[PDB]
Every structure is written in C-alpha cells, then in structure tokens.
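Values below: every heavy atom of this structure, side chains too, minus hydrogens, waters and symmetry copies. In the text below, chain A, chain B and the rest are named by the order of the sequence lines, each starting its count at 1.
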2 protein chains.
Amino acid sequence: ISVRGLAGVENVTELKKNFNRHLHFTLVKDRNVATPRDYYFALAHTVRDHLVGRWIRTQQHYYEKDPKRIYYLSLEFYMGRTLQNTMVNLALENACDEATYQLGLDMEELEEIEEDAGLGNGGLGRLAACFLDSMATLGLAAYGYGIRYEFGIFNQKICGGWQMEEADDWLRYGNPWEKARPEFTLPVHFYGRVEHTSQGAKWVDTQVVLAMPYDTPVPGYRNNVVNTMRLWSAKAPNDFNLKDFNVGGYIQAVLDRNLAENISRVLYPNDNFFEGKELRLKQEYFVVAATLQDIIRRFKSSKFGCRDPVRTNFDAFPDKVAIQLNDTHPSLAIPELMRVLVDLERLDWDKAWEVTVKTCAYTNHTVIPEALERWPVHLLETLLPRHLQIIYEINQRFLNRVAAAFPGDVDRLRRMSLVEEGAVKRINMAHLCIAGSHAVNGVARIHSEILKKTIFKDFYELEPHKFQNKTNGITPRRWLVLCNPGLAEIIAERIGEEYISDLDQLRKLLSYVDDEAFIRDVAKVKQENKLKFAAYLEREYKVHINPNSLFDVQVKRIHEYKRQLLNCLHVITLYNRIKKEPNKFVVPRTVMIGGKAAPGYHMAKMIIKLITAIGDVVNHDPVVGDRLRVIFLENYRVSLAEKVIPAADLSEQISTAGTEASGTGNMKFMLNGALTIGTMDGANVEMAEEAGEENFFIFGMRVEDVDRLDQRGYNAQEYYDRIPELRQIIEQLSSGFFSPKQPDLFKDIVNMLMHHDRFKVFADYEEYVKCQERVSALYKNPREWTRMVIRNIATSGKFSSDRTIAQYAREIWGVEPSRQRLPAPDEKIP
Amino acid sequence: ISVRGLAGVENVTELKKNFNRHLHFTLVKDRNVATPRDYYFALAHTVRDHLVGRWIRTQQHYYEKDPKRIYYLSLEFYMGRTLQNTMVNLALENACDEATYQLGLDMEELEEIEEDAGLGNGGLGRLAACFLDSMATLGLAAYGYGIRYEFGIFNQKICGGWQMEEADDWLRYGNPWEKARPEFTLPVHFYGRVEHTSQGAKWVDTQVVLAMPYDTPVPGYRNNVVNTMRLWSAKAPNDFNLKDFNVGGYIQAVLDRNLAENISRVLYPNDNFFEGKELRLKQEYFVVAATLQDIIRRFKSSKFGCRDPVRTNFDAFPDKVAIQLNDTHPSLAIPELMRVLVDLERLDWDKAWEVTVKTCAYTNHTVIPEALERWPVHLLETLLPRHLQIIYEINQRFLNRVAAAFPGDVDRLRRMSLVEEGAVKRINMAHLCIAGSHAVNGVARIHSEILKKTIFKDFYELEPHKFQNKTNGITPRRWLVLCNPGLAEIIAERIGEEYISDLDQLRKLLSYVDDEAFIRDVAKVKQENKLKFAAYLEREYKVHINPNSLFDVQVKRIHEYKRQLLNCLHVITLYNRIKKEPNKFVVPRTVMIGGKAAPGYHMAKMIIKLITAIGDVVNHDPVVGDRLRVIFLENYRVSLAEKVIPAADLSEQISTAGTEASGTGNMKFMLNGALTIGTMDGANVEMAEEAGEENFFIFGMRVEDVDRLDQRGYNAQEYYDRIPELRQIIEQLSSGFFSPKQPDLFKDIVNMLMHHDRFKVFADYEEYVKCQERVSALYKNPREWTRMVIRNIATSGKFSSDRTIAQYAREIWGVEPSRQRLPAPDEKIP
Ligand SMILES: O=c1[nH]cnc2c1ncn2[C@@H]1O[C@H](COP(=O)(O)O)[C@@H](O)[C@H]1O
Ligand SMILES: O=c1[nH]cnc2c1ncn2[C@@H]1O[C@H](COP(=O)(O)O)[C@@H](O)[C@H]1O
Ligand SMILES: NN1C(=O)N[C@@]2(O[C@H](CO)[C@@H](O)[C@H](O)[C@H]2O)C1=O
Ligand SMILES: NN1C(=O)N[C@@]2(O[C@H](CO)[C@@H](O)[C@H](O)[C@H]2O)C1=O
Ligand SMILES: *Cc1c(COP(=O)(O)O)cnc(C)c1O
Ligand SMILES: *Cc1c(COP(=O)(O)O)cnc(C)c1O
C-alpha cells in the first residue's frame, strides 16, 4: 500500500477490538447511531492508547537518568491535526488503514473530522511545532510550554469578497490528545506592590490567578520517545474571587471569575505586529510565571533533591536547565528568574544574574519596527511592579558596562538603553533579551547578518560572541511523509527510508535526474496531487479549475511586506495581455492566493477584497476561457497547507528583500516538487544556494539595491511614468474596472502604492513579470521542468528542522542529539 | 462482610485488571506517582464501565417498545456522590471492596474523595434525586431534565462564628459520570419581537444561546435499568456572537461570549424564597425551551415517525408524553408548549390547549408568600414577548370560564387572574400552572388540604378534580443501605433483602420488638454509628464530643420557619438550669445544629452566629463539663447528611404548624433509628400516625391553634411576662451574656422575637422544653428507648419514594410501575 508501516495480522485484530471497546465504553454509542465523528473519536482514542505506555517510560526515564532539560517557551504552537502524524511516527498508519477498512470505514474520511489545533498565527507558531517534533525525534529531554487558548486563530469566512472572522471553538467536541493535570495547578500573581523590609523586597497584596496544566504527547519519529507539551489554563481561585467581602453580590462574585480566566481565552491574531494591550501582557507573564515554577521544582528534585553538594546551589542550574525564548513574547522570564532567585531563594544579585544569563537564549524573528515589543512603563508599573524595579536595575548595570567599554559615547548609551524615553516611556523587550541571554540568533543567514549590521549593531560590538544564526527548517514527517505519501514512496523505492530522519540523503536523488522512470514518476505524483486538490476544491468549496494548468500559489498571512499586491499586479497583467491578443497562445495558470488578515489590519483586508475582485472579472470573461483562473483559498491553515503545497507547481516567495526573516512555507514547497519564483530574501538565498541559482527563479532588488533606493528616495510615479502596462493597471483600479458598483473602492490601495509604499512594489514589477515569462517558457517543456524539480527536491535536505535543532542543541543548549530508540514501549507496571 | 453483594472469584480479578487499565491508559499515571485521587478515578471509571452496557440497552429498549415517557423538569437535582450508590444498585460493593483491598487500598478512603453533585438547595432538589432513583427502580421510561451548573450550592465556611460563602467548583478535577453530547446541541431564543403576518405570529430578531446536553446514568436497584438525567449547558454561537459587525473589537467579541454562557454558571442559593432576577428567568426558560425540543423530537420519531395514522397528529402526544413540573420553576413549559404547537406546528388554539393541559402536571412545595414566583410583566415583555402574549390569551380564556361558572363574582375574577395588578404588574406562575395542568398536588396530606382550603381555594371550587396529594418519600437505597449498612444487615438477618425495594416489609420487624438479641443489635449499630461520627468530627473538624450523650440534631437549611431559634432557646435553658443546680444529674446531650443560610438572608446568618455564640459559652464552662455540648455542623450537604443521620438519637422537626410543606429529613431520621420530637406539621403527622402517637414526641400548636392566635393577635410580650425562664434568656441575649465584646450584637434577633415573629417561637416554648424533658426521661431507660426506636423503623415503610412514585405513576402519569429485571447487561454489539 506504501511504507506507512506493516499491516500485521495480530495488530490489525488488536486495533479493531480496541476501536470497538472505545466506541462502546468511551463514547457510549452503538454501531446503529454512531456517526463519522464518533468513529473518528474511537480511532483517536485507540491510537492515543499506543503512546501512553511510551509517554510514561520516556518521562520516567528522564527522571532516572536526569539529563539537561530543554524548555521551549512560546506564546504560539501551531500544531494542526494530530491523528495521522501520530500514526506516522508510531508506524501505525497501514495497520489502522487496514483495520478501519475491515470495520467498513474510510480512514481518510475520518481524518478530515479532526479539528486543527490552531494555537498560532503563522510561521512563528508553526516553527515551534516543527521544533517539538524534531526535538522528540532527536531524543532531547525537551518540553514545549505555552498557553492553552480556548479560542485559537479565527476561522476566516469570505462574504461578498470580504473576510469575516468567526470564533474557532476547537474544543467544542473535546480534545482526545490532552491530559488535564489539575493536581499540578500553580498560583500566578498580578498587581500588588513592593515592600522593602530589612532583608529584602516583598511582592505584596497581589491578585492571584491559578494556572492549570494540560499535557499533550509529542512522539518522536519511530524511536519510542514521547515528549510533553504543557499548556496552561487560567482558573480563578475560589477564595478571594468570592471571599473579598462587604457587599457586591454573591452571584456577581461567581460570574466575575470569568475575568481572571479570560487570560487564556483567546490568542491575539497579530502576525508580525505589536499591540500593547494589557490582556496580552498578562498572557505573557502568565505563561512565564507558571512555567518557571515548574522548571525550578523539577530542578530541586533532580539529583540535588537527594544529595549532590547538599545546599540548594543554583550554580548547577545552567548545567541542568536551558530555556529558549521564542521571540520576545516570553521575555519576562529573565526578570522573573531574577525575582525568584533574589527575592525568594536569596542569592546575591551577581550570582543570580550569572545563572540567568547562562540558562536563557533568545531567538529573533523579525526586523520590522512595528513588530517590536515596546511595553509602556505605566503598564508594567501597575501590573508587575517588582519586575519593573528589576528591569531598571538590570538596565543600570548593563549601561555601566557599556559606558566602561565605550567611554564618552553618550549617544550609544541612550540607543542601547532597555528604557526608551519620549512621549511615554517604554521598555524595549528585545534589548532586555539580548542583555539577559548568552546567545541571540537570527532565523536565516541574511537575517542574522542584518541583525549584526543594523538593528543590534551596538550590542554586537559590545558582545560579538552572543550573536549566532540558526537557519529555520521544517519537519520532513508532517511536511513530506504525511501530506505527500506518493512522493515519499517513489523516493523510498530508490534510496530507502532512512532519509525521513536524515533528509540530507535526498542528495542521492541527484543521480536519478536523468532516469526516465523517475522523471515520469515524479511527474506522475504531482499530477495525482493536482487532481486530488482540484477535486477537494469542488467538493468542499464548489466552482471548477483546470488540473492541466500551472498551479501558481502564494499562501501565507496577508501582509504588505509579503507583497500579495505584487502578485496581483502580475495577474492583472496576464489578463490584459490576453484581452489584447485573444487568439495568441499562453501557458494556462490557476493562481491561488490564500491567507488570513489580522482583524484590525485595514490594508490587508483591502487586499483580500482586491484578490476576490480580480477573480470576479477574470473568472467570468469568456475570451479568457480556461487559460486564467484567480482563486482565493479560504481559511488557510495547517491542514489546508497539507493539501495545497503538494499540489503546487510554482511557489511565490516575493517579499521585499530584507523583510522576511526566513520564511518556512518556501521550504515546504521545495521539498514537495514546486519550483520557486522569488527574491533574494530570508532563506530563499540559502535555498537557491543549495539547489543552484540556475534551478531557481530569482528576480528583483537585493538588499543593497533597496538601500540604494532609500538613500535616493523612492518615487513610485517614475515607474508609473515609464511602464505603460503598469500605468494601465493603476488606471483600471482607479476607474472602477474591478469594482463597478463602487468605483472608488480601491482608492486606498492606489493611494498607498503611489505615495506611501514602504515595500516598493513598483520597483520589482518589471523584473517580476519578465521572470514570470521565463517560468511559463520552462513549463512548456514538461521534461525539463520535472528535471529542475528533481534538482530542488534532491537538494532540500538542509532545510529539515532536525538539522536546525541539532545546531541549537550543540551550539546553544550544550546537549547532544541522539537517534537511539528508547527501550520499546513494552507494558511494565512498577 | 455484609450483603453488599458477592465477592466472586472471576469478578474481583476482572475488577482489578480494569482498575489497572484505567490508572495506566485513562489517568496516564504509574503506581509510583498515583495519589488517592488517582485511585478514586481509576475505580470510578472501572465502576462506570459496568453500567454503560445496561445504559445502552435500556435506551435502545425504550426506543423499540416505545412506552409512555416521563419527563421530570426541575431546576434542581441534589445528587451528592455517585460512586457508592452505583456499586450498591449494581451489587458491586463487596467485589470492589475486595479487589481494592487486594490492590492494597481502602475503598472508604477513596469514596471520601468524590465531590458532591450539589446542584440543589435542599429538600426540593433532593426530592428530585430520590425520585429519579425510584423511577429507575420501578422500571419507568423517565428522564430527569435540568441545568448543568458549573457552580452548585456554595461551600459554607465558618469564620469567627460567621458563615463565609465560597464557590463550589465541583468540576475542577472533572466528572467521570457525565457524557457530553455536543452532537445534540439545540438553539434557544431570547428577546426579539413578535411579527403578526397573514398566517400566524412569528418570534423574530432573537438572540440565540445554544444548549449542549450532558447525560448522567441513573441506575435502578438491581434490575439492570439505567435511566438518563440530561443536564443542559449554555454555549455561545460562534456566528452572531462575533458576526454582528461594525466595530467593537474582535478580542472583546470573543470575551463577550461569556455573557450567554453565564446562564448555566451558577445555581441561585435560595431555599423557599423568590428573587426576581433576570438571570434566573433566563435559566428557567433555557431549561424549558431546550427540553421541549428534545421531547417533541423523540415523539416525532416514536412509531409515528414511521406510520401510525400518518399526519403529525399531536392527539396522541399526551398518550406518549407526561411532563412533571417540579414547583413553578419550569412553568414556562406551558406557554412554550403552546407556542410550538400553535406557532410552529400550526394547531388551532383549542386543540393545542387540550394537548398541553393533558400532558402537564404541577407539584406545589410551599405555602409561604415570599417563596411564590410572581414575575414582573416588564421582564417577560422584554425577554419573552410571545410567551407574554400567550399567557394573556390563556388568562383571557380561563377567566371567561370562571365568569361563566360564578356569574357576577367580580372579586373572584381578580383573585384568580394569572395577572396581578398593583405597583408593578406581575404574572402569578402558580396560577398559570394550575390552569395549564390536569393535576396539581401537595407533598403531604395536611399541606395538600391547606392548598384546597386556603391558597388555591377558588381554583379548587372551579376544578376539584385537579387537586391531589402525593406524600413525599426518600430512597431506602441511599438513605438506609448506603449510609447505614450496619442497620440494613441486622434487619436483613431477620427478614431478608426484599425490603430494600419493598419498604413496607419493615413492618415484620414489629414482631422482634420484644426480641432480646434484636434490641441489643439495634442498640449496637447506633452506638457504632455514634462512635464513627464522633471520630470523623475530630478527624476532619477537631475538638471532641462524648459518644455516650444523647445526640440531639437539627440539620436543614436555616430559616425562620424551621425555628432553629426555638432549638436555641431550649439549649440556653438547659445551660441555665445546670448553672443553677450544678450538682444535680441531667441526661448528657450533644446538640448538633447544621445548615446553610442563603447569602442575602440576614436573619438566617444572624442565627448561625447565635448558635456558635452559645457554643462558645456553653462549651467552655467548667461547671457544665461533658453534660452539654453545642456544635454547629459546617457545610451541611448530602454527603454530610449520610454521616449524621445514622448517628442521631433525637431528630428535630420543630417548624411552626402549617409552614413545612412536608419535609424529608424527618423521614431520613425515622428509618435510621432516631426518635422524633416535633410539631404536627408536614409529613410529621403521617409519621406519628404510622408509628403511633405514643412512639412520637409531639408538642406545640396545631394548625388550628395558630389560626386562633392570629385572629386574636400574637403578642410575644405576654409570654415574656409569664415565663421567668424565657425572660431570663431574652435578657441574657440583650445584655451581651453571649456576646461580651459586642453587647448589642443580637438586638435584631431579640427585636424580631418580641415584635415581628411571624413564626411565634415563644408560643411553643413551654410545651417544647416540657416535651424535651420527656425524651430525656426515656433516654435514661435504654431498653425502652430502643424499643420505641424499633417501633419507628418498623413503621417507616410508607415513606419510601417507591411508594410516592408508584402513586404519581398510577394517579397522574397513567403508567404502571414494574419490578421486572431488564434482560441482563450482556455484551451485544449490533
Ligand atoms: O518522587 C518520585 N519518585 C518516583 N518517580 C518519580 C518521582 N518524581 C517524578 N517521578 C517520575 O518522573 C516522571 C516525570 O514527572 P515531572 O515532574 O512532571 O517531570 C513522573 O511521571 C514519574 O514517572
Ligand atoms: O433511527 C434510529 N435507529 C436505530 N436506533 C435508534 C434510532 N433512534 C434512536 N435509536 C436508539 O434509541 C436510543 C434512544 O435515543 P434518544 O433519542 O436519545 O432517546 C438510541 O441511543 C438508540 O439505541
Ligand atoms: N509571525 N512571524 C514573525 O513574527 N516572524 C516570523 O517567524 C518565522 C519563524 O522564524 C519566520 O520564518 C518568518 O519569516 C517571520 O516573519 C513569523 O512568521
Ligand atoms: N426548598 N424547598 C421548598 O421550596 N419546598 C420544599 O420542598 C420539599 C420537597 O417537597 C418539602 O419537603 C419541604 O418541606 C419544602 O420546604 C423545600 O425543601
Ligand atoms: C508554514 C506555514 C506558515 C509560514 O508561511 P511563510 O510563507 O513562511 O509566511 C504560515 N501558515 C501556515 C498554515 C503554515 O503551514
Ligand atoms: C433531606 C435533605 C434536606 C431536606 O431536609 P428537611 O429537614 O426536609 O428541610 C436538606 N438538605 C439535605 C443535604 C438533605 O439530605
């Protein structure tokens, strides 16, 4: 059937009876009233049974051996569905497929019923998920720590061409994967004041919110390791949230508990944008405070909570603990670790600071200013008074370091301060992370260099040793074996299965680049993938596409820096050229644009409307026929990505050079047989470098050119003046060609494009359509297109998150990865 | 060990491995980290497994045979713990005891970990629970329908002698008994307006709240019948509760969902008191609207949703459906049933009314005016506009009936109206229930007569056939076999086990009233019970009592009509007599008073303070010694009741004649070997009548005497003037003898007692202490006390809820009870 494992005789039988046990005993249903949703749950529970045994021994193991623990703190974990992924990592896919078949059910139909765990916005959240899978696969004692939002990223609905947001109640029917651990509930403080008494400061008169943990299993790939993702939920204490007496109302007091519990209710839908709301800051301290107590507790036990030197010496803390800050979101972990060590454990400042710097590491994910976290001091002052005091003291000491290193450099001092003066004083979270971490890293080679040369130049001059790079990657498991079994099988037919956990081995496919059967096969799976997606489209969304055309897709969050608008300009150009010479042949294309816009991002929502507006015109023009279709992919999410990416021919990664930190979608397309058209931005550079620029479609300004243009001054009118085709499009938008009933509908886009384009869309227009002509030319030659595809796939190995994690492990965390199978799952009950 | 069933070889082994399966697979724990709470859950899950098989076949059975269905609507279901009860009804107690013993665990210790399902206030809620158990035991196709509050009756804490209320988060660790059924979620409407168009009225522009059902199993006693209790939970729709666009905030919209979900958040803590809050009215319509849709759906399928006459003829509705209104709380079911039949199904008014009256029945539980539900019209007008219109039309037609029957009786017309004019117009819910039901019943013979003679006299003259009586009862399972296995065993040793489901057989114990061994045994179990309670007391609450003294207990909600104050007056009298003649012998007593006061009931909370104040003085007076102890039983609830009642010698049922509708605690004490001192009120009359007045300690005014006194006018000063002992107590309270630091602390009590005592406490004082002397005299003669006890126990059979339900079944619902074992639980998987 494929190498989705063995469909053993004893195990298919075993699976079937357990499926039935659960349908009866767990779901309390009988075959005569069971619906597909019930069947999905029976299976889910049956599969989950197979990893509890391993989950328990993995955790017990780490307790016995006591290795250095890795704590990945992130406010986002974009997990997606977990049924198939679990089957894949446990080699259970074919057995389950067989068994459910024998029970007369279609497994694929059941898999479609599982709701996505959308606890993320985009790249940042998905990176965390990929990392977790890799850390488990490489046998690291790692823990993912985050917030269990009851409402994840909103589900997007297109009404009249506009995006409509609606609550993502992903828990409505329950989550069979999580395990509530109310017994490990912890208290988290807010507000209050600071008392300075005799021997130390005291954080007093605080409001208490309880953090209840929920553990979800993270299985490694076929190695019997099952790590843990611990998500915190906010709960109100039953005392003060009722007991602070003297009139108000008993009923009202009980209803008001949903005020402390609102902390974990919803994820902020902002991608690469900072909103200084109090609720967000509360979420940030909440995850940090709860997690740290859990970390220290585990450390207090270790082998120190037995003997060792005997005296809670936190000197070995950094040798046993490593906490990674996914962006500045969990940045309060720094002053919080200090508060506990100094205020509660009573360590002197300097010893505490040494420990803190040695255990914390920070990862930066963007250079755009509006995404930078700068919290107003009056907010921290009210909500976390002691932390503010600690931050000021950290700043005081750090700046003294600077003064000593650069005597008399008074501007450098203000530039480097963690405290920003002006309208309202703010705390630069990024500056805090750099000062309190022993390593700072970018997510792509160019991004990392940009940090050193630009944004964090002064900090680099101060401590050059802190700055590193760790190019992002994706998991070959979910992003290849899971979503594209067809491609995985044909690769395995030639080079084996060891590449799934050693992606570099894909290089061996280079020697099949002239193999006639392989070229035919690679081309076949892609055709099968396109046919399946074209079908899904009519199934779930309804109104035809042509599977023979080139599948041109751009799927990622809607942003001005991602330039979906530049993609739009090209689409309209194709249309206009067709309308000019109707009877001239052109390579057919289905351009699919999908992504979500943050609710308050007006421009982004305007762009979504533009895309659907273009499709209204283009898709109903008889002269165009089936040569050009414009489709907006609704509710883009992880599960939808697993469907489009394997069916894509052209991947669009056209951000303005220097704005996309790394990107990861690009890597997903490369490993799945799509050719890439893009700019020398983020990881695109390393991808072209790995596959050879001849096998990549690069165009546009490089970072240097962008800067040259900024010195000069960017004037879009120039481009409008010298390119008639560009002029024609802008006047089409301006006159209502794309919006008849509301002719001035797109005035904001045009106005922006002509007067305040921060991402110089026009500057890359000419070179973009010129480059687009080149890919069309090559698509006309199936054999050569596929051969270039094989050059990309065969060379994408470097982009596996296993590589990324192994680097973090060795160069930052100080631990050694291991592909050693944990001693089976085997029963056991001590 | 006792007749807690057989501890079979095959089943103890089976139990043990399933206990282990769950500890591993369900709880995801290993013996080395498992806590008593984990062990409790493993067991709970193991026991729950045994009744799913029966639950499924019972429900399937009713679907096949299609009998008349009974729907018990109540806003309260005081269930208590459910582990032991389930073991008892499934004959699993000894097997579980053995198995857990073999696993090295104490079952009793684990049972103490289960949280009480406190979804009730007192008697009314507990009656519903007892009824459910009886309906399942008598093989009736009955369904309990209510609200799944996430916060039940508050947990009571005594701080400085005052009651402190704190949220009862009973779901904190989860509920292993319930089964969420998100797939049967239903929509419920609120607000909106009424459109009168061509062919009918339309309820339009409403706010939608979703009702998600949770089913809990209700096993009959050893008959394999497992009925269902369906509790509704409020959920916000994800559309409008987000989709009603045009600025407000996406985050805020999501946080505001906890506005529609507040409907099922907390139970109103009022016992016998009406609070006209909007949230309450919403809860009332919520449970009614959701339930009715469920009822009709089931009816539409029946055997009509196949064939029968073919044409949705609702003429057979009353033959297939019976809905019982537990008090007026679910009274909206009447106009709601009309709204659906008329507005949606399009039946003419008269046919709809005939159906409605024929399927609904109402049970009244109190005669005090302040407990009567009178909803302001402006509230119904805004929240349920169409229902108000229906109520007015029902009133219009009903009053025309009256006018026709009593021509010219203009005062009768206003008196009987469902609409009350005055300050603000109100709707008399009780009047609505009588008009729209074919049966109205009281809960005790005297209470029922009072309804006919007083409160509902006019309605009785109009339709005498509607009025009936159904004396309350309690379940011998939880209230005898479960809480008092020792007594149950010795009874079973002489007369067998058939009495558990046929309590009348207890009469056979009359012939052992002179049996020397039996008297010794009855006396022994009571001594063992007192020793165990005396121990629990020091265990969980701490500060000694004497097990040899007479256990004088009064446990019920704190009310002015229950007269805990009269009990107080007696206690103080005993104290004063001891202080007057210290070296004179008196029968030792431990008087235990326990109960909760509604949060806003100032007087009730003042009484709690008085009780603890008396104990402070009495319990620390050296001259008193161990002759007199005053203890306030904290957090009285079902589980606590199962502990005190079996250990009680004297039961206090001293409400003012004519105020306690029936009472059920009194019955609990009678069947557990306690002697009763009380007034001729509620069921006390039928109890004395059943056991013989010679075996009861009756005192005080009868209903007649109370009325005579009211004609005359009640003047408490008279009693104060003629009784020196009474005078001495009032002046002790007035001068601060019981409250040194705050001498005027109890001025409200004294003031009330002397000038506004609605329950004439002083009037029954003399006859009360005189009667108390008589019980002390009899306690001095152990042999005769026990013999009188045997006379009570042997004669309590009439007070089993099996009798009550059989009467409802035959005289109101029109169904026949059956003690037929359902065809085993046996596997099966169709
Ligand atoms: O005190 C202990 N005795 C034995 N095993 C322990 C103890 N503490 C932790 N463990 C084991 O280590 C696992 C790790 O628990 P953690 O504290 O959540 O990391 C637990 O599930 C147990 O298997
Ligand atoms: O359409 C049907 N076919 C077969 N069995 C049914 C059907 N509807 C209800 N049942 C059975 O009747 C039980 C009663 O379901 P209820 O509607 O919740 O009362 C179900 O759990 C099934 O066993
Ligand atoms: N939202 N979001 C960011 O703020 N930064 C991002 O992080 C990911 C993961 O490192 C990078 O690949 C993206 O280029 C970057 O934009 C991202 O996706
Ligand atoms: N709260 N509450 C009432 O409002 N009425 C009550 O109902 C129960 C059950 O019928 C009766 O036994 C009580 O006497 C009556 O007070 C009761 O306990
Ligand atoms: C991989 C992924 C992303 C990141 O895409 P980029 O193109 O790097 O912005 C965003 N959303 C989803 C659902 C993803 O799978
Ligand atoms: C039986 C019961 C009641 C009813 O007691 P009465 O004396 O009839 O008021 C109240 N509370 C609990 C916990 C009960 O078990």
Counting heavy-atom pairs under 4.5 Å with chain B, the top scorer among A/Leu255, A/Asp30, A/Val33 is A/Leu255

After noting the C-alpha distance and the side-chain angles of A/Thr26 and B/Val52, does the key distance pass the side chain to side chain contact (heavy atoms under 4.5 Å, CB included) rule?
CA-CA 9 Å; A/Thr26 309; B/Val52 282; over 6 Å; no

Who wins among B/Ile56, B/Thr35, B/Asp38 for the most heavy-atom pairs under 4.5 Å with chain A?
B/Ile56

Can you list everything that forms a side chain to side chain contact (heavy atoms under 4.5 Å, CB included) with A/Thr185? Sequence neighbours excluded, please.
A/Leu210, A/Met212, A/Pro213

Kindly say whether A/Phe25 contributes a backbone atom to a donor-acceptor pair with the side chain of B/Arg48 at under 3.5 angstrom?
yes

Taking C-beta and beyond as the side chain, do A/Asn258 and B/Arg265 meet within less than 4.5 Å on heavy atoms?
yes

Is any side-chain heavy atom of B/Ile829 closer than 4.5 Å to one of A/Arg31?
yes

Is chain B contacted by the side chain of A/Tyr173, its backbone, both, or neither, given a heavy-atom distance below 4.5 Å?
both

Contacting moiety of A/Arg37, where chain B heavy atoms sit under 4.5 Å:
neither

Please round to the nearest 0.5 Å and tell me the distance separating atom CZ of A/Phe154 and atom CD1 of B/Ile251.
10.5 Å

Chain A contact via B/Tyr250 - side chain, backbone, both or neither, heavy atoms under 4.5 Å:
side chain

Identify whether the distance between the nearest side-chain nitrogen and carboxylate oxygen of A/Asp169 and B/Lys235 falls below 4.0 Å.
yes

Quick one: does A/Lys179's side chain have a donor or acceptor within less than 3.5 Å of a partner on B/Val28's backbone?
no

Taking only distance into account, with no hydrogens and no angle test, what donor-acceptor pairs under 3.5 Å do side-chain atoms of residues 16-24 of chain B form with protein atoms, sequence neighbours excluded?
residue, atom, partner, partner atom, Å
B/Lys16, NZ, B/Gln102, OE1, 2.9
B/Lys17, NZ, B/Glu14, OE1, 2.8
B/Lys17, NZ, B/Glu14, OE2, 3.2
B/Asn18, OD1, B/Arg21, NH1, 2.8
B/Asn18, OD1, B/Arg21, NH2, 3.1
B/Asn18, ND2, B/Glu14, O, 2.8
B/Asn18, ND2, B/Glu14, OE2, 3.2
B/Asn20, ND2, B/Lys16, O, 3.0
B/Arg21, NH2, B/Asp49, OD2, 3.3
B/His22, ND1, B/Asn18, O, 3.1

Need one label for B/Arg257: side chain, backbone, both or neither, based on atoms under 4.5 Å from any heavy atom in chain A.
side chain

B/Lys157 portion near chain A, given a 4.5 angstrom heavy-atom threshold
neither

Kindly indicate, with the supporting measurements, whether the criterion salt bridge (charged side-chain N to carboxylate O under 4.0 Å, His left out) is fulfilled by A/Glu183 and B/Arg172.
CA-CA 10 Å; A/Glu183 61 267 32; B/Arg172 170 178 59 254; over 6 Å; no

Name the region of B/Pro599, side chain, backbone, both or neither, that has any atom closer than 4.5 Å to a heavy atom of chain A.
side chain

Note: vs chain A, highest number of non-hydrogen pairs under 4.5 angstrom among B/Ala253, B/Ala167, B/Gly249 is B/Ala167

With a 4.5 Å cut-off on heavy-atom pairs, point out which of A/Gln60, A/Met164, A/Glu165, A/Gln59 contacts chain B the most.
A/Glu165

Between CD on residue A/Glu166 and CG on residue B/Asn238, distance to nearest 0.5 Å:
4.0 Å

Relative to chain B, which of A/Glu261, A/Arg181, A/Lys828, A/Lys277 shows the most heavy atom pairs under 4.5 Å?
A/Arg181

Among B/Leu267, B/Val266, B/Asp168, find the residue that satisfies the side chain to side chain contact (heavy atoms under 4.5 Å, CB included) test when tested with A/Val254.
B/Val266

Quick one: what part of B/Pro269 sits under 4.5 Å from any heavy atom of chain A, side chain, backbone, both or neither?
side chain

